[PDB]
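Asks: Let me give you the structure first, and then I'll get to my questions.
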Amino acid sequence: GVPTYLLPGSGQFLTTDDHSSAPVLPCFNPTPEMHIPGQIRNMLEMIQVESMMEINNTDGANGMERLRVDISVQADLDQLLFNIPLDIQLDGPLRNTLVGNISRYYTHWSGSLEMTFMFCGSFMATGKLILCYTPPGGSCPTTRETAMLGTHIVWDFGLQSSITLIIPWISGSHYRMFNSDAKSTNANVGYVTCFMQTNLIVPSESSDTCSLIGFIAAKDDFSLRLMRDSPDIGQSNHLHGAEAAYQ
Amino acid sequence: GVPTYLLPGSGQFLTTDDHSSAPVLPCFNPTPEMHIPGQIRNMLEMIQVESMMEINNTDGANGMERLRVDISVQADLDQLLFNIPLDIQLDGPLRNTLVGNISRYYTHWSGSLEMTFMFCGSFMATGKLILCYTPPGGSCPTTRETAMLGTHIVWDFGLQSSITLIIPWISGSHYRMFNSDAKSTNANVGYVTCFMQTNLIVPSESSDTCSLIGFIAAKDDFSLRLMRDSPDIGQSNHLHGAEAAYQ
Amino acid sequence: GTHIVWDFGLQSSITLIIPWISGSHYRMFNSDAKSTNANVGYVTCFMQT
Amino acid sequence: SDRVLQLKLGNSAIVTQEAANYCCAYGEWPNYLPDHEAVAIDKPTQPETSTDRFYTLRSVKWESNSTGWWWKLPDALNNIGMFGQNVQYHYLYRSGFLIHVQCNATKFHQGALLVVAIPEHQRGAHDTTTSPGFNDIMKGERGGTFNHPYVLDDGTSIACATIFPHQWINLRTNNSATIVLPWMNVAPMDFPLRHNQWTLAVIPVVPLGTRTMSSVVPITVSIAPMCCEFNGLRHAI
Amino acid sequence: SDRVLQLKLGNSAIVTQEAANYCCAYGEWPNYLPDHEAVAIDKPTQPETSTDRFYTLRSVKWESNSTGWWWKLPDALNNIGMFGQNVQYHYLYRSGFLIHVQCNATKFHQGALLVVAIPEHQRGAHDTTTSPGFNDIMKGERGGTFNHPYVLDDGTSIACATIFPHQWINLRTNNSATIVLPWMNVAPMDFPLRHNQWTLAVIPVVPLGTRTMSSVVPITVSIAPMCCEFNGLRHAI
Amino acid sequence: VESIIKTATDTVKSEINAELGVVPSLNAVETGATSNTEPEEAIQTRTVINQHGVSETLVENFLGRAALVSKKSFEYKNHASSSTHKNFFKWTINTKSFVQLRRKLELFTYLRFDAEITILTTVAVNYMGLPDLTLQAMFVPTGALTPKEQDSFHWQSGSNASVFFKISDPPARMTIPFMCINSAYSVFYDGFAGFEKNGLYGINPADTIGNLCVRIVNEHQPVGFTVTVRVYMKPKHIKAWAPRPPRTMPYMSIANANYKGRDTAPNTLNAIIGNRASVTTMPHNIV
Amino acid sequence: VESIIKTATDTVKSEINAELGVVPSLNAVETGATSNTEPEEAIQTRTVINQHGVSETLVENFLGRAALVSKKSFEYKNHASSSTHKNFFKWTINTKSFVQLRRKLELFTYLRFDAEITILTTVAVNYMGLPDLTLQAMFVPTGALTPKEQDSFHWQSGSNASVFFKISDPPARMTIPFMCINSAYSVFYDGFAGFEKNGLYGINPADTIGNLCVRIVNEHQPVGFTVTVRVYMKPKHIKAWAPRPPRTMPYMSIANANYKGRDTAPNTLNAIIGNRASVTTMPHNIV
Amino acid sequence: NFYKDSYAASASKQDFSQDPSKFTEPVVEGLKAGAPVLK
Amino acid sequence: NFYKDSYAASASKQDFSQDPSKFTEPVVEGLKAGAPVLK
Ligand SMILES: CC(=O)N[C@@H]1[C@@H](O)[C@H](O[C@@H]2O[C@H](CO)[C@H](O)[C@H](O[C@]3(C(=O)O)C[C@H](O)[C@@H](NC(C)=O)[C@H]([C@H](O)[C@H](O)CO)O3)[C@H]2O)[C@@H](CO)O[C@H]1O
Ligand SMILES: CC(=O)N[C@@H]1[C@@H](O)[C@H](O[C@@H]2O[C@H](CO)[C@H](O)[C@H](O[C@]3(C(=O)O)C[C@H](O)[C@@H](NC(C)=O)[C@H]([C@H](O)[C@H](O)CO)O3)[C@H]2O)[C@@H](CO)O[C@H]1O
């Protein structure tokens with residue numbers, strides 16, 4: 001016969017191994033394939049679709065109220081309207097999004113993100129806002145004069161209802177990672193803030209409080225690595241009916 | 001030597017495995033093959049032969065009486081004569097047939113079935129019957145006006161003694177399956193009913209009650225998958241003489 | 001039946017075509033509005049929204 | 001055209017004017033043993049016409065309560081004519097069979113007989129663990145009767161018996177059934193007195209019935225061995 | 001140019017002067033079942049214009065506290081016109097759908113509706129282990145209402161519902177949404193009375209609001225089956 | 001007539017028919033031929049390119065499964081005062097003791113195949129551990145000389161094939177070739193295997209593979225154990241002839257086809273199929 | 001539109017823009033299309049040759065992991081006076097009992113795949129050693145006939161596939177093919193699997209691989225043991241269609257998508273994301 | 001097959017030949033489609 | 001793969017084909033870069 005010897009690792013069961021194994025039903029003929037709409041081959045395809053950010057994640061905001069940010073006609077100038085923490089690997093407005101959920105099945109990420117906001121006030125309502133992305137290093141800006149120094153887009157409300165703020169991949173390292181420390185130099189992405197560029201202005205019969213819906217998605221220069229169990233789901237008991245599967 | 005490692009599955013005995021194994025008698029010369037009539041290579045060949053359906057499976061009908069359906073000269077019009085449940089995977093008139101028995105060694109099936117009825121009355125007896133196949137969805141039809149709306153064949157008794165009702169494969173899914181629930185959407189085939197189209201008419205000296213023998217078989221567009229132990233045979237004790245094989 | 005859903009906007013008008021749908025080549029007048037060779041059918045208008 | 005037929009072998013011939021085509025078991029036809037399948041090395045005797053001819057057995061009466069009849073081959077013919085003599089004087093035999101079952105009645109009679117040729121029809125006994133005895137199996141020319149035709153007296157079923165070479169005699173349609181049987185065995189030849197290759201079964205699935213003049217309705221069986229060969233000559237057993 | 005649109009099928013037509021392009025689910029377009037994907041062998045009926053046309057359902061009122069509405073297909077149309085008749089008389093059906101949701105208001109009104117077509121939208125029940133019942137699911141032409149739109153009544157989320165074919169009706173921008181749906185299933189055809197391929201959901205993510213004259217603001221749904229095919233003809237259920 | 005079939009046949013679209021002298025739906029069961037009416041002739045069909053495979057029903061696969069054919073448990077101990085399998089047993093090989101395998105083989109009249117034999121051993125203390133015993137399975141031809149004791153010199157197996165295996169090893173396995181003196185095994189045998197008249201009916205000795213003699217090689221331990229040996233057989237390189245009506249009545253003996261039927265339907269002597277109220281009563285009717 | 005992507009896309013340098021009629025940063029979410037604004041159009045970029053791979057997110061890899069789908073422990077002993085899994089159990093296969101695997105599969109509407117099954121067995125004395133038992137796992141089709149006793153003759157497994165393995169061997173393993181009667185499994189099913197109205201909602205039987213019957217082959221020992229069998233499933237040769245919103249509320253049952261939410265955020269019915277003081281409060285702000 | 005005896009080889013699941021007619025139509029005269037079987 | 005059934009083979013991690021547009025831009029009329037989406 002052939003002289004052989006077993007190596008360390010022999011007999012182990014690695015859940016990520018990749019080998020062929022004995023067919024349970026020999027000569028089985030699987031059902032013919034049929035074209036079905038919406039085939040997905042790489043999860044990166046899924047995260048490129050923008051989904052709603054839960055920006056209004058505050059006590060008092062229930063359900064869908066958490067998915068929209070209300071802006072009102074201001075009495076003062078250059079007013080700060082809201083900010084958004086950016087770690088798509090930690091809990092916050094970005095966690096329950098397509099890009100956030102899928103990314104949390106991984107540990108490393110790289111690539112540009114895009115935030116699109118749709119103004120949902122009445123047609124007669126006008127306004128200009130400034131959306132700013134501040135690369136990491138310091139404290140989140142609280143004044144427009146400071147935020148304005150970072151990456152930004154000035155948005156004019158009009159027929160085209162939505163604006164896109166690109167959060168370009170700006171990192172020293174090829175990838176950023178999750179390690180449960182939001183202030184780590186390899187995790188913190190920086191901040192996104194929104195201020196009135198001018199003001200929300202509406203006539204008497206239009207609502208003077210309008211909502212914005214913010215969306216986020218990854219661009220095609222995105223990459224995810226090192227798969228891990230998602231922290232967004234868990235169980236401490238058997239699900240109802242699980243034990244009945246044995247009866 | 002050759003460095004190797006054992007994979008999960010090593011050492012197991014899978015009853016459906018397929019490997020070569022040590023010849024017990026080396027240099028043994030098997031008896032030369034001889035041509036023998038009736039060789040069968042695929043079980044599908046066997047189920048294409050029609051066999052008798054036990055349509056009269058009722059209390060009071062004993063033995064062969066269960067294999068024939070008696071029809072009599074009617075006094076009323078459009079009379080319902082009999083119906084037949086169609087799950088070739090459950091107990092009923094179709095279970096103890098060639099197609100039924102072999103199919104029950106499998107779990108999935110697809111293909112057209114054919115039911116042939118032979119009229120066995122006297123030569124002087126005449127009549128017309130309508131055989132209907134009703135695809136699933138509702139309750140079994142009880143009137144000819146309803147049954148007639150489905151797939152059917154009007155049969156005129158004559159020199160050619162038999163008629164064939166084709167039960168075409170009409171299913172949403174590629175295959176139907178057994179799961180012990182006769183009302184499951186992936187199991188129920190529908191119904192077959194038989195009514196007088198006109199009436200059985202015979203002269204004074206001919207018997208006024210005649211029998212039909214129903215047969216069923218699969219067509220060559222049939223397919224069976226997922227082999228399983230047949231529910232039609234079982235044992236709770238050692239057969240007589242089994243233990244004597246050890247003495 | 002045959003219909004058109006009309007959305008008010010810059011183009012101020014909508015057209016509903018009443019296609020010639022008749023068994024006979026021509027329809028005729030005979031002072032009987034319910035005659036099979038005269039009745040054309042009906043036109044109705046409802047709020048879509 | 002396929003309703004009339006004449007069968008002629010040796011000095012015997014049979015005609016029917018109400019046939020239903022005819023069956024060639026498994027699509028085969030009888031033939032002599034070829035050199036490349038032969039085992040016994042002595043030169044065989046091929047009597048031809050003295051054995052390959054129709055032998056008509058005693059008839060049986062089809063009654064309203066009949067359960068069916070059977071005849072095993074070659075047993076049923078082992079003591080008839082020159083076929084029987086060759087069988088008794090030789091240790092080995094081989095042959096096919098041409099079977100013709102006959103039953104006529106009236107345009108006012110009804111009934112249907114399943115006429116099937118069963119290979120290796122090993123009988124079972126009812127409600128006992130004791131295997132059938134020699135006399136339960138070897139009936140000779142008289143043939144036997146079915147105790148439980150519903151299960152072919154072997155615990156299976158007549159419903160699926162159509163898997164075997166067969167025809168039917170449905171009185172309103174035909175008055176005869178014809179089946180051609182080739183040699184059927186795992187060996188090229190066999191000892192005729194202890195093993196039966198085929199069993200002819202005639203079973204009334206639909207009972208005989210009528211309201212006209214009652215008459216005795218017989219069922220008759222005629223069997224012609226085909227391509228007979230015998231080896232191992234000695235004295236008669 | 002991409003703000004005006006006319007849809008015409010059969011004897012029905014619809015125009016909008018405030019559209020937002022239109023969605024072709026997964027970039028596909030409806031089509032008839034090809035021979036190489038077919039299963040049911042009976043010749044299908046393709047009624048064309050009698051079934052492939054716009055059916056307008058009863059409207060619903062958009063209120064300040066509305067949670068959203070849903071209509072399952074083909075259930076919502078299983079009892080409407082000739083589409084409904086074919087569905088009732090045939091065991092199998094297959095078709096795509098052209099969906100047009102309508103809602104107009106005023107230049108002084110604000111509000112945003114997510115109009116999404118969800119494939120296999122299996123509903124969940126709230127705070128109980130008991131699965132939803134037949135009447136909780138099959139609402140027909142009337143459609144149903146969302147109990148917890150925030151989680152799409154299935155424990156997931158509306159935030160990520162944009163992964164499904166959709167459009168929005170943002171009052172300051174457009175007054176209609178259009179989605180073309182191809183056959184979506186794991187089988188080439190299906191039994192229309194027990195399985196719904198798609199669920200049309202209309203949910204107000206941004207509530208209706210204004211300070212001008214209060215008026216009833218309806219939401220209307222018009223649906224046109226496309227490339228309808230039916231197999232397994234019998235009586236009506 | 002013979003051809004290569006790898007998938008179920010396709011369906012061709014068909015049109016309306018109204019031809020005199022042409023009646024495809026009529027047949028004559030009396031001929032013995034099965035109806036040749038095609039779906040295309042019975043109804044209007046569409047075209048269907050059928051890709052359904054037919055390989056799972058190949059005879060090789062249908063019968064190609066390792067099925068239990070023998071199960072024997074005995075006591076492994078000091079049999080000083082035993083009346084009983086004393087640390088070994090002999091089994092006359094047969095495929096008629098376990099019904100699932102028996103019924104499948106009996107769907108055919110003749111069968112030619114090689115037999116892969118797998119032997120599985122299990123032990124239980126009659127607690128302080130399970131011994132890794134060595135067993136010997138010796139193949140002794142039908143009717144041949146078998147050992148009478150665990151330590152008989154017969155086990156020297158000079159010519160008989162013997163396989164030695166440990167309970168800790170995977171089940172033992174080997175292939176017995178198609179060894180019949182004929183071109184195929186007779187699943188059924190309508191005859192007597194002897195020249196006299198008192199022989200056994202339906203038993204052709206030519207179809208008995210042989211004897212399997214199994215012993216524990218180790219001498220007995222201070223305590224007793226129950227050892228169970230299970231033998232599985234998987235036929236391969238199969239050729240089959242003349243299919244038969246499936247068994248319906250429960251089996252009664254391994255030596256014959258005797259029948260009795262269950263006490264009540266289904267599968268009772270006077271009623272194979274369970275009863276329904278009448279021929280117009282639809283069981284499982286959709287309400 | 002379809003193309004082969006092996007790495008993340010490169011970035012091209014961009015210059016200053018001041019063109020009338022060109023507004024790449026403006027979009028119309030109402031169309032249903034995701035923003036197509038490119039980084040090069042939003043800011044001035046440099047050229048970057050991106051070599052980052054995208055293979056770890058391939059669906060085959062994302063779902064290609066052996067995940068726990070069943071865990072069952074029972075008592076192996078003399079069950080003379082047991083009310084209880086008597087040395088064997090039956091499990092109706094399903095992928096809805098363990099949440100990590102369930103949530104991932106539910107990210108898709110339809111899935112087509114072959115399933116590699118791995119079975120791991122563990123034992124504990126109820127001390128004097130751990131027995132090297134032999135187990136039998138028999139695959140019994142959905143709704144089919146399962147054994148009622150450890151020694152039932154049903155275990156003869158004439159046609160059902162059975163795998164015999166020892167606790168001392170590596171975990172048993174075999175592949176169940178994509179066996180659905182349809183072209184793909186339905187991860188979600190908006191319908192009723194029966195022709196009547198009382199059937200179960202959301203459960204298409206066509207998506208139930210089948211029953212797994214596991215028994216200890218050895219007869220009981222003089223003492224009792226606790227035996228735990230864990231089954232893992234790894235899908236391969238995967239095709240996936242129509243991605244879906246990820247599950248947020250804790251699962252309640254394996255039979256449906258019923259929800260309740262946690263008692264307090266995160267993942268509570270009225271608040272999926274944890275709260276922050278206000279929309280201008282920056283959590284983890286760098287001090 | 002590394003064994004010297006061919007009967008030791010693994011299964012042979014490649015025989016797709018069939019001839020159902022030996023069981024379904026063992027009649028001497030072939031039956032034509034559509035034509036009356038009895039004439 | 002030494003097994004006879006192809007479904008027994010190891011994983012197939014070589015399908016790098018993608019078409020995000022079926023999810024990201026399922027609009028009938030393609031949107032041009034820079035041009036106002038609504039016109
Ligand atoms: C109560 C009623 O309305 N009608 C009964 C009718 O249900 C009964 O039929 C029997 O019902 C059982 C279900 O309880 C099975 O379906 C029986 O069928 C089979 C089976 O498919 O499982 C057929 C099979 O051949 C049988 N096997 C053997 C080895 O004998 C098995 C077997 O007996 C069972 O599994 C027992 O465990 O049954 C079916 O006949 C009829 C009886 O006359 O009576 C009605 O009243
Ligand atoms: C105290 C304070 O200043 N602010 C709290 C804020 O921290 C709290 O947020 C929660 O904080 C925890 C850290 O303690 C987690 O980050 C929670 O997030 C996740 C996680 O990422 O781990 C999200 C995930 O989806 C959750 N999973 C499941 C299966 O439910 C987990 C999970 O609950 C934890 O891991 C529990 O073990 O949490 C994050 O929300 C909010 C709550 O309103 O309140 C502030 O006051």
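Please note that chains go A, B, ... in the order of the structure tokens, that every chain numbers its residues from 1, and that ligands are numbered from 1 in the order shown.
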Is it possible to get the superposed chain I, fitted on chain H over all Cα pairs by sequence order, as a tab-separated table (two decimals) with C-alpha atoms, in the first residue's frame?

Replies:
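Output below, filename out38.tsv:
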chain	number	residue	atom	x	y	z
I	1	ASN	CA	-10.55	-0.24	-8.60
I	2	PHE	CA	-7.18	-1.09	-7.03
I	3	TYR	CA	-8.22	-4.68	-6.35
I	4	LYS	CA	-7.30	-7.40	-8.84
I	5	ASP	CA	-10.79	-8.90	-9.11
I	6	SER	CA	-13.20	-6.79	-11.16
I	7	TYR	CA	-16.22	-7.85	-9.09
I	8	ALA	CA	-14.70	-5.86	-6.21
I	9	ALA	CA	-15.27	-2.57	-8.05
I	10	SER	CA	-17.71	0.14	-6.98
I	11	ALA	CA	-21.25	0.21	-8.39
I	12	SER	CA	-22.06	0.63	-12.07
I	13	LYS	CA	-24.78	3.29	-12.32
I	14	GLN	CA	-24.41	4.11	-16.00
I	15	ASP	CA	-26.79	1.74	-17.79
I	16	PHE	CA	-29.49	4.03	-19.16
I	17	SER	CA	-30.76	1.55	-21.78
I	18	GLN	CA	-34.47	0.76	-21.62
I	19	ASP	CA	-37.11	-1.19	-23.53
I	20	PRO	CA	-40.48	-0.85	-21.75
I	21	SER	CA	-42.27	-2.43	-24.72
I	22	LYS	CA	-41.17	-5.89	-23.63
I	23	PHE	CA	-43.59	-5.35	-20.72
I	24	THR	CA	-46.04	-2.74	-22.07
I	25	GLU	CA	-46.54	-4.02	-25.63
I	26	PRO	CA	-45.51	-7.67	-25.98
I	27	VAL	CA	-47.96	-8.15	-28.86
I	28	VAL	CA	-46.78	-9.80	-32.07
I	29	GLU	CA	-48.34	-7.11	-34.27
I	30	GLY	CA	-47.46	-3.54	-33.33
I	31	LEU	CA	-50.42	-1.32	-32.48
I	32	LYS	CA	-50.64	1.84	-34.60
I	33	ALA	CA	-51.49	5.14	-32.88
I	34	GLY	CA	-55.08	6.25	-33.39
I	35	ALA	CA	-56.05	3.13	-35.34
I	36	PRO	CA	-58.68	0.80	-33.83
I	37	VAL	CA	-56.70	-1.86	-31.94
I	38	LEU	CA	-59.17	-4.59	-32.93
I	39	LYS	CA	-59.87	-4.88	-36.66

Asks: Determine, using only C-alpha atoms, which residues of chain A have any atom at most 12 Å from an atom of chain B, and tabulate each with its shortest atom pair and distance in Å to one decimal place, rows ordered by chain and then rising number, as JSON lines.

Replies:
{"residue": "A:1", "atom": "CA", "partner": "B:1", "partner_atom": "CA", "distance": 10.9}
{"residue": "A:2", "atom": "CA", "partner": "B:1", "partner_atom": "CA", "distance": 7.5}
{"residue": "A:3", "atom": "CA", "partner": "B:1", "partner_atom": "CA", "distance": 4.8}
{"residue": "A:4", "atom": "CA", "partner": "B:2", "partner_atom": "CA", "distance": 4.5}
{"residue": "A:5", "atom": "CA", "partner": "B:3", "partner_atom": "CA", "distance": 5.3}
{"residue": "A:6", "atom": "CA", "partner": "B:4", "partner_atom": "CA", "distance": 5.0}
{"residue": "A:7", "atom": "CA", "partner": "B:5", "partner_atom": "CA", "distance": 5.6}
{"residue": "A:8", "atom": "CA", "partner": "B:5", "partner_atom": "CA", "distance": 7.7}
{"residue": "A:9", "atom": "CA", "partner": "B:5", "partner_atom": "CA", "distance": 6.9}
{"residue": "A:10", "atom": "CA", "partner": "B:5", "partner_atom": "CA", "distance": 4.3}
{"residue": "A:11", "atom": "CA", "partner": "B:6", "partner_atom": "CA", "distance": 4.9}
{"residue": "A:12", "atom": "CA", "partner": "B:8", "partner_atom": "CA", "distance": 6.9}
{"residue": "A:13", "atom": "CA", "partner": "B:8", "partner_atom": "CA", "distance": 6.1}
{"residue": "A:14", "atom": "CA", "partner": "B:8", "partner_atom": "CA", "distance": 9.1}
{"residue": "A:15", "atom": "CA", "partner": "B:8", "partner_atom": "CA", "distance": 10.7}
{"residue": "A:17", "atom": "CA", "partner": "B:7", "partner_atom": "CA", "distance": 9.7}
{"residue": "A:18", "atom": "CA", "partner": "B:7", "partner_atom": "CA", "distance": 10.4}
{"residue": "A:19", "atom": "CA", "partner": "B:7", "partner_atom": "CA", "distance": 8.4}
{"residue": "A:20", "atom": "CA", "partner": "B:7", "partner_atom": "CA", "distance": 9.8}
{"residue": "A:21", "atom": "CA", "partner": "B:9", "partner_atom": "CA", "distance": 7.7}
{"residue": "A:22", "atom": "CA", "partner": "B:17", "partner_atom": "CA", "distance": 6.8}
{"residue": "A:23", "atom": "CA", "partner": "B:17", "partner_atom": "CA", "distance": 7.4}
{"residue": "A:24", "atom": "CA", "partner": "B:16", "partner_atom": "CA", "distance": 6.4}
{"residue": "A:25", "atom": "CA", "partner": "B:16", "partner_atom": "CA", "distance": 6.9}
{"residue": "A:26", "atom": "CA", "partner": "B:16", "partner_atom": "CA", "distance": 6.9}
{"residue": "A:27", "atom": "CA", "partner": "B:225", "partner_atom": "CA", "distance": 9.1}
{"residue": "A:28", "atom": "CA", "partner": "B:225", "partner_atom": "CA", "distance": 6.6}
{"residue": "A:29", "atom": "CA", "partner": "B:225", "partner_atom": "CA", "distance": 7.3}
{"residue": "A:30", "atom": "CA", "partner": "B:225", "partner_atom": "CA", "distance": 8.9}
{"residue": "A:31", "atom": "CA", "partner": "B:174", "partner_atom": "CA", "distance": 7.0}
{"residue": "A:32", "atom": "CA", "partner": "B:174", "partner_atom": "CA", "distance": 8.3}
{"residue": "A:33", "atom": "CA", "partner": "B:174", "partner_atom": "CA", "distance": 10.5}
{"residue": "A:34", "atom": "CA", "partner": "B:174", "partner_atom": "CA", "distance": 10.5}

Asks: Could you write out, as an NGL selection string, all the residues of region 24-228 of chain F that DSSP marks as strand (DSSP E)?

Replies: :F and (26-27 or 67-76 or 88-92 or 108-125 or 134-140 or 162-166 or 172-176 or 185-186 or 211-216 or 225-228)

Asks: Can you pull out every residue with an atom within 6 Å of ligand 1? Use only C-alpha atoms and all ligand atoms and format it as number ranges by chain.

Replies: B: 90-91, 231-234; F: 265-267, 273-276

Asks: Compare A:125, A:118, A:47, A:61 by their minimum atom-to-atom distance to ligand 2, counting only C-alpha atoms and all ligand atoms, and give me the closest one.

Replies: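 Smallest distance to ligand 2 is found for A:61.
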